[PDB]
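Chemist: Have a look at the structure that comes next, please.
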Amino acid sequence: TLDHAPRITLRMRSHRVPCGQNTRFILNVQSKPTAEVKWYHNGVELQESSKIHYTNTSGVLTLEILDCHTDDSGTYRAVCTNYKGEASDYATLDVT
Ligand SMILES: [Cl-]
Ligand SMILES: [Cl-]
Ligand SMILES: [Cl-]
Ligand SMILES: [Zn+2]
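Just add 3 to the spot in the sequence shown (first one is 1) and you have the deposited numbering.
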């Protein structure tokens with residue numbers, strides 16, 4: 004298997020979450036070498052915190068947002084990069 008640009012094979016799902024609950028976005032990327040992943044909320048890069056966690060387990064990418072409020076609604080985007088190229092996916096959160 005030659006090195007290749009990241010390709011997203013399972014895309015995030017736009018969804019709703021009741022105020023105060025935790026939620027996750029999950030996608031799957033195929034990348035060789037392994038992709039560097041960045042996450043964004045309405046265009047602004049997310050950093051890990053008590054509220055935000057993200058992981059990459061062999062290409063399964065998960066963003067977890069804890070204790071969701073109205074301010075957490077909006078567009079979440081993952082960007083996956085290696086020297087061969089990039090892939091990106093986005094979805095919406097609606098906190099109800
Ligand atoms: Cl896969
Ligand atoms: Cl990867
Ligand atoms: Cl965006
Ligand atoms: Zn709360």
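From the three backbone atoms N, C-alpha and C, an ideal C-beta is built for every residue, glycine too.
Under 6 Å Cβ to Cβ from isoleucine 29, same chain only, skipping five residues before and after it: list those, please.
Modeler: These residues qualify, in order along the chain: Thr65.
Chemist: Can you give the Cα-Cα distance for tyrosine 43 and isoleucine 11, rounded to whole angstroms?
Modeler: So the two alpha carbons sit approximately 17 Å from each other.
Chemist: I think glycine 62 touches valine 32, with their Cβ atoms under 8 Å apart; what is that distance to the nearest whole Å?
Modeler: Right, their Cβ atoms sit about 5 Å apart.
Chemist: From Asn45, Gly46 and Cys71, pick the residue whose C-alpha is nearest to that of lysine 54; which is it?
Modeler: Out of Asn45, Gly46 and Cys71, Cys71 has the C-alpha closest to the C-alpha of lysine 54.
Chemist: Taking the beta strand (DSSP E) that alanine 38 falls in, what are its first and last residues?
Modeler: No beta strand (DSSP E) contains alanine 38, which DSSP labels as neither H nor E.
Chemist: Can you name, in chain order, every residue of its own chain whose Cβ lies under 6 Å from the Cβ of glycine 88, other than the five neighbours on each side?
Modeler: Cβ within range, chain order: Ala8.
Chemist: So, helix, strand or coil for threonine 73, using DSSP?
Modeler: Three-state DSSP puts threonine 73 in a helix.
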